[PDB]
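This document starts with one chain, in the form deposited in one PDB entry, laid out as structure tokens.
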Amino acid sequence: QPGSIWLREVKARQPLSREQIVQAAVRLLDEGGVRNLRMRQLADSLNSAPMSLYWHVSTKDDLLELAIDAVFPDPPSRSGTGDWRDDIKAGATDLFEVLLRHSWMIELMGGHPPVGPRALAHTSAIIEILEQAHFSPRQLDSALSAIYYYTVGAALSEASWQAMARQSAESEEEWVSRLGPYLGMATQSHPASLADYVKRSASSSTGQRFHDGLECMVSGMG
């Protein structure tokens, strides 16, 4: 309320834990993205004033990095199937599903390298899966980049699609149908394989798209 600064002249800390703050920041991020994270509103959600936050972080950017690590998946459960490909796919899939659930993190990782404890443990597990499969260092690094950059690109694309699909309320089949008048005309300038791809796309879904691409990619490594 206006004038409280003057009342302070005639004479209130609210200690918080960092963990409690980060959990509250994840909730605000999940609700409205990086723009929905304002420090004063975060402090309000914890019944506190902004000073309570800055005992623990210097800036909002610090808090974004803590939030990124907080939601990183546990290392994948070693599958026992004896195929390291199954373990790689579990680890990538776990990360994919986290990214879809917390899509604000996707764009942040490239400019805020994830090296917090949960990210280090997950990455260490992927690295060990590949080493125990006798990848040399250069091959390991290449395969790791393929797996992670595939997963990030898939998450970005599918999260963007899902957000638009929610708004417009439109499935893949419905979108192909709505665009059919254009697509029928435009694909006639190219060989049959293009229209055929577009037809098949009407029956695809997020989980299958991600899984099939991941399977394909990992199939041939080694």
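We call the rigid core whatever largest set of C-alpha positions still superposes within 1.5 Å between the two forms. Just count from 1 along the sequence shown to find any residue number.
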Per the record, how many residues of the deposited chain fall between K11 and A12 without being modelled: none, 1 to 3, 4 to 9, or 10 or more?
-> 1 to 3
Averaged over C-alpha atoms, is the B-factor higher for 140-148 or for 97-105 in this PDB entry?
-> 140-148
Would you tell me which stretch averages the higher CA B-factor in the PDB entry, 183-191 or 58-66?
-> 183-191
Per the entry, which of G116, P73, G80, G111 tops the list for Cα B factor?
-> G80
Relative to the other modelled residues of the same chain, rank the CA B-factor of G32 and answer lowest, middle or highest third.
-> highest
Of the three thirds of Cα B-factor ranks in this chain, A163 occupies the middle
Could you say whether, by C-alpha temperature factor, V176 belongs to the lowest, middle or highest third of its chain?
-> highest
Among modelled residues of the same chain, the CA temperature factor third for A169 | highest
Binned into thirds over the chain's modelled residues, the C-alpha B-factor of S17 lands in the lowest
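The discussion below concerns the form deposited in another entry, not included here.
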Which of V34, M51, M39, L179 has its C-alpha displaced by 2 Å or more between this form and the one not shown after core superposition?
-> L179
CA of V198, rigid core aligned, shift of 2 Å or more between this form and the one not shown = yes
For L156, decide whether the Cα shift between this form and the one not shown is 2 Å or greater, given a superposition on the rigid core.
-> no
Core aligned, does the CA of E170 move at least 2 Å between this form and the one not shown?
-> yes
Classify the change in Cα distance between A202 and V98 in the other entry as closer or farther, relative to the shown form (magnitude of 3 Å or more).
-> closer
Given that the CA-CA distance for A155 and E170 shifts by 3 Å or more in the other entry, does it become closer or farther?
-> farther
